[PDB]
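Q: My questions will all concern the structure given below.
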Amino acid sequence: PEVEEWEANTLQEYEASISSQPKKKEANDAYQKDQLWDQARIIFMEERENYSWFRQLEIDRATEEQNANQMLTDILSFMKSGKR
Amino acid sequence: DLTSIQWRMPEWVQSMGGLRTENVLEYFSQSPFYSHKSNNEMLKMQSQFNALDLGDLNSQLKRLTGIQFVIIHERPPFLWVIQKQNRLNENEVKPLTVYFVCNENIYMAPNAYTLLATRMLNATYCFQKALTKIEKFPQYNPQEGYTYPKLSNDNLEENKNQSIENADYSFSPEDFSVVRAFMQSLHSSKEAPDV
Amino acid sequence: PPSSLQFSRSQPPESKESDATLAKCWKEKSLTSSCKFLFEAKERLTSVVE
Amino acid sequence: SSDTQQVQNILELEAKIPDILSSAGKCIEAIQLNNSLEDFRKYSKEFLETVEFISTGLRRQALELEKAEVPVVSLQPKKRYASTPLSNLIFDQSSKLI
């Protein structure tokens, strides 16, 4: 009953709009406007793809650490022996 | 309006000695739902004139196309199903809206989609109300989470786990503590002599 | 025991034209609620930035 | 770009975010109050950059957070015992008492 009450609360004000605007129906225009939603959504979808959306060198930093590690093996071998 | 609304004339049904077969159709004649365009109406006229020119029901109805209210089913002495229909041929007929005697009462048979969508309406409405009541209430702050401003605190006593280990000496709220335990220990103790 | 219900092929049946007006009236109010919602949220978030 | 400065750069990013709301509500308004598909094409064309520039700005600032190589966990302080300024400070008071 509260729902239909709200429905009467909607119809009373739509008919109030009819009072303020007697012979000015726009649902027919609202059809092509819905078509405007239909176009606007498609353009909206296609437009987003145009924009950019998301570095191996940082991976290579690990190779730097790697050679640094082997270099550590080298220097420890040096302290062990003096070998170069 | 001509849907779920109740109707009854109990004194009539009590007057009839109980519904039988034709008399229950007469009860349908009692009903607002009854149509003047119904084949039963012109057949009633035929009874008023030709009288003898009658043959049970369906033998009389099926050969006479138009609005009808055949008793496809019944549940004596309670329910009595009465399907409306529209005859076209000796075979062809369009099924139409059910009417029935819901114990000296008549209700049109609801459409499935109308009431499923009705309940869907009720539910989604409860959902709208569910959202609108709590909108503008989670007083958000990135610094402080989803605050809910209140007249007073307790009442009851993301991965941001990081902090300094030992901390001490330090400070960290401890906005409140044990104060709830004051009074609650007091009331747990007030019942102690009772225990 | 169930199976109380049974099939009944009888009309769509029909719908009032005012319901079509409701289809518009609900949606327009919803859209207005949408704009007010986004604007209000921008306001309180602006204060949060403050 | 050092220390606090990037944070200040983040401050530049801060103003943009809330507006993204009303702008969207502006876009719809073009098909709503303005009833105009074209103006909607306009503000919808504007609206997406608020998303893209902020998103990329975050990903890049975070990338800077990695390049700076600031450690993931806050360090536990030692009980610092004698930074010099504390020392000559206390000494300063010592002369102040003398």
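Order determines the names: the first chain of the structure tokens is A, the second B, and so forth; residues in each chain are numbered 1 upward, and ligands are numbered 1 upward as they are shown.
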Taking only C-alpha atoms into account, what are the residues of chain C at most 9 Å from chain D, put as a PyMOL selection string?

A: chain C and resi 28+31-32+34-46+49

Q: Those same residues, written as a short mmCIF file (atom, residue, chain, number, x, y, z; two decimals), in the first residue's frame with N, CA and C atoms?

A:
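Result went into out.cif, see below:
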data_model
loop_
_atom_site.label_atom_id
_atom_site.label_comp_id
_atom_site.auth_asym_id
_atom_site.auth_seq_id
_atom_site.Cartn_x
_atom_site.Cartn_y
_atom_site.Cartn_z
N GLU C 28 13.11 9.75 -14.50
CA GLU C 28 13.56 11.13 -14.49
C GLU C 28 13.97 11.53 -13.08
N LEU C 31 17.25 10.07 -12.26
CA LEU C 31 18.37 10.76 -12.88
C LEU C 31 18.68 12.05 -12.12
N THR C 32 17.64 12.74 -11.70
CA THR C 32 17.83 13.95 -10.90
C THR C 32 18.51 13.60 -9.59
N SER C 34 20.46 11.21 -9.23
CA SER C 34 21.82 10.87 -9.61
C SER C 34 22.68 12.12 -9.64
N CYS C 35 22.19 13.16 -10.31
CA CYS C 35 22.96 14.39 -10.42
C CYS C 35 23.16 15.04 -9.06
N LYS C 36 22.09 15.08 -8.26
CA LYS C 36 22.21 15.67 -6.93
C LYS C 36 23.18 14.86 -6.10
N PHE C 37 23.19 13.55 -6.31
CA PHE C 37 24.03 12.68 -5.53
C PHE C 37 25.49 12.96 -5.84
N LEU C 38 25.80 13.04 -7.13
CA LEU C 38 27.18 13.27 -7.54
C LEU C 38 27.66 14.64 -7.09
N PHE C 39 26.76 15.62 -7.12
CA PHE C 39 27.14 16.97 -6.77
C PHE C 39 27.40 17.07 -5.27
N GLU C 40 26.51 16.46 -4.49
CA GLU C 40 26.64 16.45 -3.04
C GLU C 40 27.92 15.76 -2.62
N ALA C 41 28.20 14.65 -3.28
CA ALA C 41 29.40 13.90 -2.97
C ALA C 41 30.63 14.73 -3.32
N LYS C 42 30.55 15.50 -4.41
CA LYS C 42 31.67 16.36 -4.73
C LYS C 42 31.85 17.41 -3.65
N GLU C 43 30.74 17.85 -3.07
CA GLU C 43 30.83 18.89 -2.05
C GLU C 43 31.53 18.37 -0.82
N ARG C 44 31.02 17.26 -0.28
CA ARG C 44 31.59 16.75 0.95
C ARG C 44 33.03 16.30 0.74
N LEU C 45 33.33 15.75 -0.44
CA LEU C 45 34.71 15.39 -0.73
C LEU C 45 35.60 16.61 -0.89
N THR C 46 35.03 17.71 -1.34
CA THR C 46 35.81 18.94 -1.46
C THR C 46 36.18 19.41 -0.06
N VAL C 49 38.93 17.35 1.20
CA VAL C 49 40.21 17.81 0.67
C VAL C 49 40.66 19.04 1.45
#

Q: Up to 6 Å from chain C, what residues of chain B turn up? Count only C-alpha atoms and give them as number ranges by chain.

A: B: 95-97

Q: Do me a favour and pick out the residues of chain A within 9 Å of chain C, using only C-alpha atoms, as a list in words.

A: residues 7, 10, 11, 14 and 27 of chain A

Q: Mind checking DSSP for chain C and telling me the helix (DSSP H, G or I) residues as number ranges by chain?

A: C: 17-49

Q: Could you save the residues just selected, with N, CA and C atoms, as a compact mmCIF listing (two decimals), in the first residue's frame?

A:
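Contents of result_32.txt, freshly written:
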# COMPACT_ATOMS: atom_id res chain seq x y z
N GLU C 17 -2.25 3.12 -19.83
CA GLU C 17 -1.30 4.07 -20.41
C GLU C 17 -0.53 4.85 -19.35
N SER C 18 -1.14 5.03 -18.18
CA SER C 18 -0.53 5.81 -17.12
C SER C 18 0.74 5.13 -16.61
N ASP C 19 0.80 3.82 -16.75
CA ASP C 19 1.97 3.07 -16.32
C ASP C 19 3.17 3.48 -17.15
N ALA C 20 2.92 3.77 -18.43
CA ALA C 20 3.96 4.26 -19.31
C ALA C 20 4.45 5.61 -18.84
N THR C 21 3.54 6.40 -18.26
CA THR C 21 3.94 7.67 -17.68
C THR C 21 4.79 7.43 -16.45
N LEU C 22 4.47 6.39 -15.69
CA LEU C 22 5.26 6.05 -14.51
C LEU C 22 6.66 5.64 -14.90
N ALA C 23 6.78 4.98 -16.05
CA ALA C 23 8.08 4.51 -16.52
C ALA C 23 8.99 5.70 -16.75
N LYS C 24 8.39 6.81 -17.17
CA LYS C 24 9.13 8.04 -17.39
C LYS C 24 9.40 8.75 -16.06
N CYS C 25 8.35 8.87 -15.26
CA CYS C 25 8.40 9.65 -14.03
C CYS C 25 9.39 9.09 -13.02
N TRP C 26 9.52 7.77 -12.98
CA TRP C 26 10.44 7.15 -12.04
C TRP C 26 11.85 7.46 -12.49
N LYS C 27 12.10 7.23 -13.77
CA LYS C 27 13.44 7.36 -14.31
C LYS C 27 13.98 8.78 -14.26
N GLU C 28 13.11 9.75 -14.50
CA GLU C 28 13.56 11.13 -14.49
C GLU C 28 13.97 11.53 -13.08
N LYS C 29 13.17 11.13 -12.11
CA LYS C 29 13.48 11.41 -10.72
C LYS C 29 14.76 10.71 -10.31
N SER C 30 14.97 9.52 -10.86
CA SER C 30 16.17 8.77 -10.54
C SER C 30 17.39 9.48 -11.08
N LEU C 31 17.25 10.07 -12.26
CA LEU C 31 18.37 10.76 -12.88
C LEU C 31 18.68 12.05 -12.12
N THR C 32 17.64 12.74 -11.70
CA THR C 32 17.83 13.95 -10.90
C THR C 32 18.51 13.60 -9.59
N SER C 33 18.12 12.46 -9.02
CA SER C 33 18.71 11.98 -7.79
C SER C 33 20.16 11.66 -8.02
N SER C 34 20.46 11.21 -9.23
CA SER C 34 21.82 10.87 -9.61
C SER C 34 22.68 12.12 -9.64
N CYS C 35 22.19 13.16 -10.31
CA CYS C 35 22.96 14.39 -10.42
C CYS C 35 23.16 15.04 -9.06
N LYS C 36 22.09 15.08 -8.26
CA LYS C 36 22.21 15.67 -6.93
C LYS C 36 23.18 14.86 -6.10
N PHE C 37 23.19 13.55 -6.31
CA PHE C 37 24.03 12.68 -5.53
C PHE C 37 25.49 12.96 -5.84
N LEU C 38 25.80 13.04 -7.13
CA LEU C 38 27.18 13.27 -7.54
C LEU C 38 27.66 14.64 -7.09
N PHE C 39 26.76 15.62 -7.12
CA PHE C 39 27.14 16.97 -6.77
C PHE C 39 27.40 17.07 -5.27
N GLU C 40 26.51 16.46 -4.49
CA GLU C 40 26.64 16.45 -3.04
C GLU C 40 27.92 15.76 -2.62
N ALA C 41 28.20 14.65 -3.28
CA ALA C 41 29.40 13.90 -2.97
C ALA C 41 30.63 14.73 -3.32
N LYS C 42 30.55 15.50 -4.41
CA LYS C 42 31.67 16.36 -4.73
C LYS C 42 31.85 17.41 -3.65
N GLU C 43 30.74 17.85 -3.07
CA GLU C 43 30.83 18.89 -2.05
C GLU C 43 31.53 18.37 -0.82
N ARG C 44 31.02 17.26 -0.28
CA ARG C 44 31.59 16.75 0.95
C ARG C 44 33.03 16.30 0.74
N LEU C 45 33.33 15.75 -0.44
CA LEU C 45 34.71 15.39 -0.73
C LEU C 45 35.60 16.61 -0.89
N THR C 46 35.03 17.71 -1.34
CA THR C 46 35.81 18.94 -1.46
C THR C 46 36.18 19.41 -0.06
N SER C 47 35.22 19.30 0.86
CA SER C 47 35.49 19.64 2.25
C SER C 47 36.52 18.71 2.87
N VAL C 48 36.48 17.44 2.45
CA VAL C 48 37.46 16.48 2.92
C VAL C 48 38.85 16.86 2.43
N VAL C 49 38.93 17.35 1.20
CA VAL C 49 40.21 17.81 0.67
C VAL C 49 40.66 19.04 1.45

Q: For the contact check between chain D and chain B, emit one row per residue of chain D within 8 Å, containing the shortest atom pair and the distance in Å rounded to one decimal, counting only C-alpha atoms, chain then rising number order, as a Markdown table.

A:
| residue | atom | partner | partner_atom | distance |
| --- | --- | --- | --- | --- |
| D:73 | CA | B:162 | CA | 7.3 |
| D:74 | CA | B:164 | CA | 7.2 |
| D:75 | CA | B:164 | CA | 7.3 |
| D:76 | CA | B:164 | CA | 5.6 |
| D:77 | CA | B:164 | CA | 7.9 |

Q: Near residue A:3, counting only C-alpha atoms, which residues have an atom at most 10 Å away, once you skip same-chain residues fewer than 6 positions from it, shown as a ChimeraX atom specification?

A: /A:9 /B:121-122,125-126

Q: Could those selected residues go to a file with N, CA, C and O atoms, as a short mmCIF file (atom, residue, chain, number, x, y, z; two decimals), in the first residue's frame?

A:
data_model
loop_
_atom_site.label_atom_id
_atom_site.label_comp_id
_atom_site.auth_asym_id
_atom_site.auth_seq_id
_atom_site.Cartn_x
_atom_site.Cartn_y
_atom_site.Cartn_z
N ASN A 9 1.53 9.45 -5.43
CA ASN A 9 2.35 10.63 -5.18
C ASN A 9 3.14 11.03 -6.42
O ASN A 9 3.53 12.19 -6.56
N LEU B 121 8.56 -5.67 -7.23
CA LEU B 121 8.35 -4.26 -6.98
C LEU B 121 8.51 -3.96 -5.50
O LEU B 121 9.15 -2.99 -5.11
N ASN B 122 7.92 -4.82 -4.68
CA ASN B 122 7.92 -4.60 -3.25
C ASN B 122 9.34 -4.71 -2.73
O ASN B 122 9.79 -3.91 -1.91
N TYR B 125 11.55 -1.87 -3.94
CA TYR B 125 11.16 -0.67 -3.21
C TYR B 125 11.79 -0.68 -1.83
O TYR B 125 12.29 0.34 -1.35
N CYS B 126 11.79 -1.85 -1.20
CA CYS B 126 12.43 -2.00 0.09
C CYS B 126 13.92 -1.75 -0.04
O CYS B 126 14.57 -1.32 0.91
#

Q: Only residues of chain D matter here; which ones have an atom within 12 Å of chain A, counting only C-alpha atoms? Give them as a ChimeraX atom specification.

A: /D:27-28,30-32,34-60,63,66-67,69

Q: Tell me, as an mmCIF file with N, CA and C atoms, in the first residue's frame, which residues lie within 12 Å of residue B:73, counting only C-alpha atoms; anything in the same chain fewer than 5 positions away does not count.

A:
data_model
loop_
_atom_site.group_PDB
_atom_site.id
_atom_site.type_symbol
_atom_site.label_atom_id
_atom_site.label_comp_id
_atom_site.auth_asym_id
_atom_site.auth_seq_id
_atom_site.Cartn_x
_atom_site.Cartn_y
_atom_site.Cartn_z
ATOM 1 N N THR B 21 -24.603 -27.711 -9.714
ATOM 2 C CA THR B 21 -24.013 -27.697 -11.046
ATOM 3 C C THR B 21 -24.490 -26.491 -11.847
ATOM 4 N N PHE B 78 -16.589 -26.743 -1.413
ATOM 5 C CA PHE B 78 -15.813 -25.539 -1.129
ATOM 6 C C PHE B 78 -15.503 -24.716 -2.374
ATOM 7 N N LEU B 79 -14.425 -25.086 -3.054
ATOM 8 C CA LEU B 79 -14.035 -24.435 -4.296
ATOM 9 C C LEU B 79 -14.897 -24.883 -5.474
ATOM 10 N N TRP B 80 -15.087 -23.992 -6.440
ATOM 11 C CA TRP B 80 -15.632 -24.382 -7.732
ATOM 12 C C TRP B 80 -14.984 -23.576 -8.845
ATOM 13 N N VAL B 81 -14.092 -24.238 -9.575
ATOM 14 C CA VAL B 81 -13.398 -23.634 -10.700
ATOM 15 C C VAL B 81 -14.356 -23.374 -11.857
ATOM 16 N N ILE B 82 -14.196 -22.226 -12.501
ATOM 17 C CA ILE B 82 -15.045 -21.824 -13.613
ATOM 18 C C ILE B 82 -14.213 -21.069 -14.640
ATOM 19 N N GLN B 83 -13.776 -21.770 -15.678
ATOM 20 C CA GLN B 83 -12.989 -21.134 -16.723
ATOM 21 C C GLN B 83 -13.858 -20.389 -17.728
ATOM 22 N N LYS B 84 -13.525 -19.120 -17.939
ATOM 23 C CA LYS B 84 -14.103 -18.344 -19.023
ATOM 24 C C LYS B 84 -13.474 -18.783 -20.336
ATOM 25 N N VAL B 98 -9.864 -17.372 -15.497
ATOM 26 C CA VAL B 98 -10.536 -18.193 -14.504
ATOM 27 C C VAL B 98 -11.291 -17.329 -13.496
ATOM 28 N N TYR B 99 -12.488 -17.771 -13.137
ATOM 29 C CA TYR B 99 -13.204 -17.256 -11.980
ATOM 30 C C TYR B 99 -13.550 -18.469 -11.144
ATOM 31 N N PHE B 100 -13.668 -18.320 -9.832
ATOM 32 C CA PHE B 100 -13.974 -19.485 -9.014
ATOM 33 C C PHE B 100 -14.669 -19.144 -7.709
ATOM 34 N N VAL B 101 -15.389 -20.124 -7.175
ATOM 35 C CA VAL B 101 -16.089 -19.949 -5.914
ATOM 36 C C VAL B 101 -15.156 -20.281 -4.757
ATOM 37 N N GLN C 6 -1.932 -24.513 -11.870
ATOM 38 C CA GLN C 6 -2.055 -25.139 -13.176
ATOM 39 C C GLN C 6 -2.124 -24.074 -14.267
#

Q: Select residues of chain A: the criterion is any atom within 10 Å of an atom of chain B, counting only C-alpha atoms; output as a PyMOL selection string.

A: chain A and resi 1-4

Q: Next, dump the selected residues to file, keeping only N, CA and C atoms, as a tab-separated table (two decimals), in the first residue's frame.

A:
chain	number	residue	atom	x	y	z
A	1	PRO	N	0.81	-1.22	0.00
A	1	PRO	CA	0.00	0.00	0.00
A	1	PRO	C	0.84	1.27	0.00
A	2	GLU	N	1.99	1.24	0.68
A	2	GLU	CA	2.89	2.38	0.66
A	2	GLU	C	3.47	2.60	-0.73
A	3	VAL	N	3.67	1.52	-1.47
A	3	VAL	CA	4.25	1.61	-2.80
A	3	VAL	C	3.29	2.29	-3.76
A	4	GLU	N	2.05	1.82	-3.76
A	4	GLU	CA	1.01	2.39	-4.59
A	4	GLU	C	0.69	3.81	-4.14

Q: List as JSON, numbers by chain the protein and nucleic acid residues near residue B:2, meaning an atom at most 12 Å away when only C-alpha atoms are counted, but skip any in the same chain fewer than 2 places from it.

A: {"B": [4, 5, 6, 7, 31, 32, 33, 34, 97, 99, 106, 107, 108, 109, 110]}

Q: Interatomic distance between atom CA of residue B:140 and atom CA of residue B:158?

A: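 Computed distance, atom CA of residue B:140 to atom CA of residue B:158, equals 14.7 Å.
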
Q: Can you work out the spacing between atom CA of residue B:133 and atom CA of residue A:6 in Å, to one decimal?

A: 16.3 Å
